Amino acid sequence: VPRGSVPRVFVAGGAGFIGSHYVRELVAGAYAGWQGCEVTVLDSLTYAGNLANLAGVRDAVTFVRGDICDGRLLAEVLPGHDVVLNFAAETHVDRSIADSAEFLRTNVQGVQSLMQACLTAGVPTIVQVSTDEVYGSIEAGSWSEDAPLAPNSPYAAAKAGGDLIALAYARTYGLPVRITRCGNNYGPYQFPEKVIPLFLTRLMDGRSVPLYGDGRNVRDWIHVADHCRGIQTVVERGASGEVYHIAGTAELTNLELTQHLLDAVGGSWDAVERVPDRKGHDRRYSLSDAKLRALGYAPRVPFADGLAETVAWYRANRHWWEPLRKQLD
């Protein structure tokens, strides 16, 4: 029998940044009505996967080192889980510009593999976690869930293809999959290739920070804990075949973000280097999340508070990030 008297939750990509946050919160009892959960984490431990992100919750977590593209493995491990969440993906735009083959393999073929295995296993609730970048760029105003897909980068096009095959399963078979799309996340345990942890860890070592292009690109920032609470709202109250935005609550140019980061670590603008722009760089992302707010989601982490906590986290976790910075350097 593959299920007992507590909920059983399957988290693909659960050794990464957002997925491990979701697992740690679920196990800690942060989501009401999900107490004493059994959690299965499936993660292939790419450069971004890190078992240190789960080291405190191994009594509740069954870890499976494997790939979402492995359909035989999924058929063996999925049965008995009440919820499947897919955080597994290649997620760095600059890596996708250098080589996108693994982005299409994991972010599209892997979604087909997981959705098909969920269909056969009868998993009753499935969440495909996705991104605002599938919409391209928006100069003014915000995207609602009806906005057309127009991805510009290979990462965003791969995420969009994954959403499209998941939605095709919902529409063709009645697969009970829901899509979430969110702004840029930040918080503890983010791999330090993304702009906030890269800038923080470099400033903490007295190194320079590389500001792409003219610095006027706009991102809408959300703390990972609010992203995961939005995802849990979708788990508990969303409907099959629907997309749900989870919006940021700090819309900043990269110049403004840089000012906030420098202020939070006592840094100086003399550390900021202008560097050539990213190819095809998206100018601006903005989401409206009225749809999910109507189901009771509300962010709890103001950017000033979340950034202060995140600076404190990186300041205290050199043991975790120094080996990652060393390799990337």
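The numbering used is simple: start at 1 and walk along the sequence shown.
- The PDB entry records a higher mean C-alpha B factor for 213-221 than for its counterpart among 97-105 and 213-221.
- Higher mean CA B-factor, judged across 26-34 and 290-298 from the recorded values: 26-34.
- Set against one another, the Cα B-factors of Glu193, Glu139, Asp163, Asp132 in the record reach their highest point at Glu139.
- Sorting the modelled residues of the chain by their CA temperature factor places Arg72 in the middle third.
- Annotation for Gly49: C-alpha temperature factor in the lowest third relative to the rest of the modelled chain, per the entry.
- Sorting the modelled residues of the chain by their CA temperature factor places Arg58 in the highest third.
- Sorting the modelled residues of the chain by their CA temperature factor places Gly80 in the highest third.
- When the CA B factors of the chain's modelled residues are split into thirds, the value for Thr249 lands in the highest one.
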